[PDB]
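Q: an experimental structure, sequence included, is below.
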Amino acid sequence: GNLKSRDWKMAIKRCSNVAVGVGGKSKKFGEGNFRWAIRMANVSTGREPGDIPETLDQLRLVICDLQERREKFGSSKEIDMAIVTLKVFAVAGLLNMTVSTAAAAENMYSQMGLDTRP
C-alpha cells in the first residue's frame, strides 16, 4: 500500500468520524490534526513524514516503538495525542471502524491485544 487513493480516501473518510474530545465536551477530528499526529508519529519512528501504511503490522509497529520513545521522553499532551491518534488511525483506517472518540478507539485497539502494554 503506497498512499493508495482508495485506502487513503477511505481510511480518512471513516477516521474523521472519530471525535477529538477533551474531557467533558465533544468535537470532530479533522484532517489537519489527524495529519500532524500520523506524521509526527512516523517521523518519531525514523520513518518518512507522509507514511500511510495499510497493514496492522506497520501501524502496530509504529504505535509500539512510538510508545517506547514517549515514556523515555516523559509525559506530554503532544506525544500522548500522536499516540492515541495512531491507534485510532489503524483501527478507524485499516478496520474502517467508526469509533465515537479517539480514546474509545485506542482503548479497544489495545483491549484486543493490538497495542502492547510495556
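A: Yep, it's here. Residues are numbered from 1 along each chain as shown.
Q: how far out from the middle of the chain is stretch 105-118?
A: 12 Å (Cα atoms, centre = their mean, to the nearest Å).
Q: start and end of stretch 63-81, how far apart?
A: Using Cα to Cα, to the nearest Å, one end of stretch 63-81 lies 12 Å from the other.
Q: ignore the last one, stretch 21-33
A: Its start and end residues considered, stretch 21-33 measures 12 Å (Cα to Cα).
Q: give me the contacts around that stretch.
A: Taking contacts as Cβ atoms under 8 Å, 6 or more residues apart in numbering, the residues outside stretch 21-33 that touch it are 12, 15-20, 81, 85, 88, 101-103. Placement of C-beta: from N, CA and C, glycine included.
Q: the closest residue to residue 71 other than its chain neighbours: neighbouring residues, count only.
A: Excluding the flanking residues, the one nearest residue 71 by Cβ to Cβ, 6 or more residues apart in numbering is residue 118, at 7.9 Å. Residue 118 has 7 neighbours, counted by other Cβ atoms under 10 Å.
Q: then residue 9?
A: By the criterion of other Cβ under 10 Å, residue 9 has 10 neighbours.
Q: and it, what helix or strand is that in?
A: helix 5-15 (DSSP states H and E).
Q: only C-alpha atoms, please: export that helix in PDB.
A: Taking Å, rounded to 0.1, in the frame of the first residue of the first chain, the C-alpha atoms of helix 5-15 are listed here in PDB:
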ATOM      1  CA  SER A   5      -6.000   6.800  -3.200                       C
ATOM      2  CA  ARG A   6      -8.500   4.100  -2.000                       C
ATOM      3  CA  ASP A   7      -7.200   3.000   1.300                       C
ATOM      4  CA  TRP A   8      -6.300   6.700   1.900                       C
ATOM      5  CA  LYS A   9      -9.600   8.500   1.000                       C
ATOM      6  CA  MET A  10     -11.400   5.500   2.600                       C
ATOM      7  CA  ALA A  11      -9.400   5.300   5.900                       C
ATOM      8  CA  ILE A  12      -9.600   9.100   6.200                       C
ATOM      9  CA  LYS A  13     -13.300   9.100   5.300                       C
ATOM     10  CA  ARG A  14     -14.000   6.900   8.300                       C
ATOM     11  CA  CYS A  15     -11.200   8.200  10.500                       C
END
